[PDB]
Amino acid sequence: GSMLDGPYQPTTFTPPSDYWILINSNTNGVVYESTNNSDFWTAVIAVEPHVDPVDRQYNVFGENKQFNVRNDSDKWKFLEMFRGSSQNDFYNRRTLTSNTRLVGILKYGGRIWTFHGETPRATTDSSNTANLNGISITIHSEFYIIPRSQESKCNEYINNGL
Ligand SMILES: CC(=O)N[C@@H]1[C@@H](O[C@@H]2O[C@H](CO)[C@H](O)[C@H](O)[C@H]2O)[C@H](O)[C@@H](CO)O[C@H]1O
């Protein structure tokens with residue numbers, strides 16, 4: 001179809017390897033939840049502009065959790081909350097401060113890639129897993145699909161907008 005394929009409505013699916021999923025967050029709270037139920041749990045939480053430090057509730061992987069959040073920018077903030085085993089408390093692994101409200105997740109090269117840092121200079125980073133194929137995602141906002149070969153385009157969107 002189009003190289004920027006979408007938008008698609010919120011759903012749950014197992015992303016194929018080699019394709020960036022670009023999610024256009026349009027509200028606060030949980031953007032997506034992704035797990036293989038074995039060694040990888042990531043949830044992305046959206047925090048609106050100028051939020052003083054506070055503990056908010058988020059339902060993730062079916063359970064209500066309290067996360068400490070803040071955002072001292074005009075830009076939107078996206079926190080990666082992770083755990084690698086079912087018994088561990090989630091920790092804030094990475095952040096993305098963004099004027100464009102776009103977050104990205106990719107299966108490639110054996111590991112999960114996401115964007116982090118601050119637009120317009122956000123960059124990618126990897127996360128290891130021993131069960132990449134098992135990782136599914138529940139996405140709560142509209143999203144697009146872009147091949148990994150076209151990451152330069154994905155990077156422009158993340159940093160500069162659609
Ligand atoms: C060195 C390399 O090829 N790394 C790949 C990643 O792409 C790089 O991403 C940085 C930002 O993090 C720069 O844009 C650099 O030019 C890119 O080469 C890529 O994000 C991941 C996932 O597709 O694959 C790495 O191999």
Side-chain angles (χ1 to χ4, degrees), residues 1-36 40-54 56 58-60 67-82 90-129 132 135-162:
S2 303
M3 208 166 78
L4 175 68
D5 179 12
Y8 295 104
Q9 291 314 300
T11 197
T12 298
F13 69 104
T14 303
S17 288
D18 314 336
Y19 294 89
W20 273 105
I21 307 307
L22 177 71
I23 301 162
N24 184 15
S25 175
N26 66 335
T27 199
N28 70 3
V30 178
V31 181
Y32 70 82
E33 302 159 70
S34 179
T35 187
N36 53 20
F40 185 101
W41 289 258
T42 311
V44 169
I45 306 312
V47 185
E48 74 273 24
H50 298 299
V51 170
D52 293 330
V54 65
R56 280 179 171 178
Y58 302 98
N59 186 273
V60 291
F67 301 146
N68 194 255
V69 307
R70 80 190 177 86
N71 180 14
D72 61 17
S73 181
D74 271 1
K75 296 172 186 175
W76 273 81
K77 194 178 188 186
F78 302 89
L79 286 70
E80 282 183 30
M81 304 302 301
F82 184 80
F90 287 93
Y91 76 107
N92 176 209
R93 186 172 184 177
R94 306 186 187 81
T95 74
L96 176 70
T97 300
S98 171
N99 211 49
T100 72
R101 295 178 88 153
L102 295 160
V103 303
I105 183 168
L106 162 66
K107 292 184 181 186
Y108 175 81
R111 358 151 122 128
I112 293 285
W113 299 76
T114 58
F115 285 81
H116 75 133
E118 181 163 4
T119 62
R121 320 172 312 298
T123 59
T124 63
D125 189 43
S126 70
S127 304
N128 301 339
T129 175
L132 187 63
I135 294 171
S136 63
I137 196 171
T138 298
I139 302 183
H140 302 290
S141 298
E142 287 184 355
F143 69 93
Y144 301 77
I145 299 172
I146 302 172
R148 183 260 181 189
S149 59
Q150 299 286 349
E151 188 165 306
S152 297
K153 198 79 88 167
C154 189
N155 187 297
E156 168 179 7
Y157 299 136
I158 289 280
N159 280 304
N160 304 334
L162 300 168

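One is the number of the first residue; the rest follow in order along the sequence.
- Using modelled atom types, no side-chain atom of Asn155 and backbone atom of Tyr157 make a donor-acceptor pair closer than 3.5 Å.
- Qualifying side-chain hydrogen bond (donor to acceptor under 3.5 Å, both in side chains) partners for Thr124, counting only residues two or more places apart in sequence or in other chains: none.
- In this view, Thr129 and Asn36, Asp39, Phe40, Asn131, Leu132, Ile135 satisfy the side chain to side chain contact (heavy atoms under 4.5 Å, CB included) rule, not counting sequence neighbours.
- For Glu48, the salt bridge (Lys or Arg N to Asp or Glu O under 4.0 Å) partners two or more places apart in sequence, or in a different chain, are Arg56.
- The CD1 atom of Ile158 lies 14.0 Å from the CZ atom of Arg101; values are rounded to the nearest 0.5 Å.
- Looking at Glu33 and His140, their side chains come closer than 4.5 Å, going by heavy atoms from C-beta outward.
- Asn160 is linked by a side-chain hydrogen bond (donor to acceptor under 3.5 Å, both in side chains) to nothing, counting only residues two or more places apart in sequence or in another chain.
- The side-chain hydrogen bond (donor to acceptor under 3.5 Å, both in side chains) search around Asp5 returns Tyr8, not counting sequence neighbours.
- Remark: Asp72 pairs with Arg70 by the salt bridge (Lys or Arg N to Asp or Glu O under 4.0 Å) rule, at least two apart or across chains.
- Evaluation of the ring-ring contact (aromatic ring centres under 6.0 Å, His included) rule for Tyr58 yields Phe67 as partners, not counting sequence neighbours.
- Contact between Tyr144 and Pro7 at its shortest, heavy atoms only, is CE2-N, 3.3 Å.
- Taking all atoms of both residues into account, the shortest heavy-atom contact from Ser126 to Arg94 is O-NH2, 2.9 Å.
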Side-chain atoms of residues 14-27: list all donor-acceptor pairs with protein atoms under 3.5 Å, sequence neighbours left out, distances to 0.1 Å.
from	atom 1	to	atom 2	distance (Å)
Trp20	NE1	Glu151	OE1	2.9
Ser25	OG	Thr27	O	3.2
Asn26	OD1	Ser141	OG	3.4

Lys77/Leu96 under side chain to side chain contact (heavy atoms under 4.5 Å, CB included): CA gap, chis, key distance, verdict: CA-CA 6 Å; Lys77 194 178 188 186; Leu96 176 70; over 6 Å; no
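- When all heavy atoms are compared, the tightest approach of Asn28 to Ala46 is CB-O, 3.4 Å.
- Of the possible polar contacts, none joining the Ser34 side chain to the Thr42 backbone as a donor-acceptor pair under 3.5 Å is found.
- With rounding to the nearest 0.5 angstrom, the CD1 atom of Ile45 is 7.0 Å from the CE atom of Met81.
- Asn71 meets the side-chain hydrogen bond (donor to acceptor under 3.5 Å, both in side chains) test with no other residue; sequence neighbours excluded.
- With sequence neighbours excluded, the residues that form a side chain to side chain contact (heavy atoms under 4.5 Å, CB included) with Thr11 are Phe13, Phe143.
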Table please: side-chain donor-acceptor pairs of residues 110-121 below 3.5 Å, with sequence neighbours left out.
from	atom 1	to	atom 2	distance (Å)
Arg111	NE	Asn128	OD1	3.0
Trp113	NE1	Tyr108	O	3.1
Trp113	NE1	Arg111	O	3.3
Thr114	OG1	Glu80	OE2	2.6
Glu118	OE2	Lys75	NZ	2.8
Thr119	OG1	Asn99	N	3.0
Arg121	NH1	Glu118	O	3.4

